[PDB]
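Chain by chain, the residues:
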Amino acid sequence: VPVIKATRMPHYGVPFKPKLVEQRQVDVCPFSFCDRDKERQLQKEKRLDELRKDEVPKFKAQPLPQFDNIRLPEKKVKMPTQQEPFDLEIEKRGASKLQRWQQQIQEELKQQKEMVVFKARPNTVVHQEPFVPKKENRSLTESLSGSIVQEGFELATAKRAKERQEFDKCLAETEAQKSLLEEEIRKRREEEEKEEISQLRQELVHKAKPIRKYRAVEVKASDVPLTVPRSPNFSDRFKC
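Method information in the entry identifies solid-state NMR as the source of the structure.

Written out as structure tokens, the structure is:
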């Protein structure tokens, strides 16, 4: 079944892709934060803190950490990922490709910027990708709580000033609802065109190795562009 409820261990090197992340439905997919971060733990946790560069998000992206979140040790990629563009969290490849990473995990979301920002300070680990509270969304204090200094959905420092009255206290949690869901799901409620944008419009997101990322045929997925698995140490494409 396409369910997260993933075991803790290296993200890209934890159960990868049964198919879809936990639900595959904005109504029964918590990346909400009334009190459902607890299941969501899995997604948030893995790359953030210690791997504090640019959150490879709490995946509302492709399935439970399949390729996403921390780094991939050479002794953990015992089993291969199923279907993905990149499994570039990969110490070789990936972490190097990590600059290129920014395009796919970002671009499926309209907003994008220098992610090897939003984790280099106190709670700036809540960009519209890692977005949840608790110890991280302490607000947007005074000197260095990490306002999202980068923009989070809106929630960068200075991008408080005009917005503050309707913004923070009232809209910020509802802001959070549109946030994370908007990223990779990119749907909100209607318009499936918003989804499958990662491949289709311009986003020559990863020119890596030709990926039949051409999900326009086995559109039966989720949050991930139906991408053929990236090849590891085989020159021949993983297809054959």
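Participant: What exactly am I supposed to notice about the packing of aromatic side chains here?
Facilitator: Two aromatic rings are characterised by how far apart their centres lie and by the angle between their planes. Tallied over the entire structure, the rule returns four aromatic pairs. Note on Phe-59 and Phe-67: the rings are 5.3 Å apart at their centroids and 90 degrees apart in plane angle, and the pair reads as edge-to-face. By relative accessible area, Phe-67 is classed as buried at 0%. Ring geometry for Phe-67 versus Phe-86: centroids 4.1 Å apart, planes at 45 degrees, classification tilted. Of this pair, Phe-67 sits in the loop between α1 (37–45) and α2 (93–107) while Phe-86 sits in the loop between α1 and α2; the two residues are 19 residues apart in sequence, bridging distant segments of the chain. Judged by its relative accessible area of 2%, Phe-86 is buried. Members of the aromatic cluster, joined through ring pairs, are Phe-59, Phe-67 and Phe-86.

Participant: What's the story with the environment of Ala-221 in this structure? I'm lost.
Facilitator: Its place among the elements puts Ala-221 in the segment after α4 (197–200). Overall, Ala-221 belongs to the buried group, its relative accessible area being 4%. Sequence separation between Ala-221 and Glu-193 is 28 residues; the distance between their C-alpha atoms is 14 Å. Among residues more than four places away in sequence, those in contact with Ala-221 are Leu-20, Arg-24, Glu-195, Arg-215 and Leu-226.

Participant: Is there a simple way to think about the nonpolar core in this case?
Facilitator: The nonpolar side chains of soluble globular proteins are, as a tendency, buried together. Core analysis: the largest hydrophobic core is formed by 29 residues, its most contacted members being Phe-67, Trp-101, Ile-105 and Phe-131. Among the elements of the structure, α2 and α3 (167–184) are those that each provide at least two residues to this core. With sequence-adjacent residues up to four places away left out, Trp-101 is seen in contact with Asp-54, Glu-55, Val-56, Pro-57, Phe-67, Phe-86, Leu-88, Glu-89, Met-115, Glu-129 and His-206. Membership of the second largest hydrophobic core comes to five residues, among which are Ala-6, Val-21, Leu-42 and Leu-64.

Participant: When you look at unusual backbone geometry in this model, what are you seeing that I'm missing?
Facilitator: Excluding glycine, residues mostly carry a negative phi; peptide bonds, for their part, are mostly trans. Of note, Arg-188 is a non-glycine position whose phi angle comes to about 75 degrees, a positive value. Secondary-structure assignment places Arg-188 in the loop between α3 and α4. Overall, the relative accessible area of 59% leaves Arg-188 in the exposed class. Look at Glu-191: it is not a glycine, yet its phi comes out positive at around 85 degrees. One can find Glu-191 in the loop between α3 and α4.

Rules used throughout
Residues numbered from 1 in each chain as written, not as in the entry; some residues may be left out. Heavy atoms only, no water. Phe/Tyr/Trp six-rings, centres within 6.5 Å; stacked < 30°, edge-to-face > 60°. Buried < 20%, exposed > 50% of the residue type's maximum accessible area, 1.4 Å probe, protein only. Helix = DSSP H or I, 4+ residues; strand = E, 2+ residues; numbered from the N terminus. Contact = heavy atoms within 4.5 Å. Core = buried A, V, L, I, M, F, W, Y, C linked by side-chain atoms within 4.5 Å.

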